[PDB]
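Below: the structure, in structure tokens.
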Amino acid sequence: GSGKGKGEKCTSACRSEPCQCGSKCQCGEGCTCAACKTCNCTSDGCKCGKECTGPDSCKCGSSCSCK
Ligand SMILES: [Zn+2]
Ligand SMILES: [Zn+2]
Ligand SMILES: [Zn+2]
Ligand SMILES: [Zn+2]
Ligand SMILES: [Zn+2]
Ligand SMILES: [Zn+2]
């Protein structure tokens, strides 16, 4: 409809509300979506080992164990 086109690397699922990217995460790296692009590392202990210990301090991509 609306004549527009940006670099949407993310899938329709990710671009939905709420995000439907799930754990499969078929979107693109660079969205930092707070649903799929999350981190399971806690401040108590890093779950992946990248020492990110939190999504807000995450430095590794979505193909990581904390994702
Ligand atoms: Zn998403
Ligand atoms: Zn995603
Ligand atoms: Zn995305
Ligand atoms: Zn992480
Ligand atoms: Zn980690
Ligand atoms: Zn990680």
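Numbering starts at 1 and runs along the chain as it is shown here.
Any Cβ shown, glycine's included, is placed from N, Cα and C.
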Candidates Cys46, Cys48, the one Swiss-Prot lists with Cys60, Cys64, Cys66 as binding Cd(2+) 6: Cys48
C-beta crowding around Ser2 (N-acetylserine), within 10 angstroms: 4
Neighbour tally for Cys25 (Cd(2+) 3 binding site), based on other Cβ positions within 10 Å of its Cβ: 22
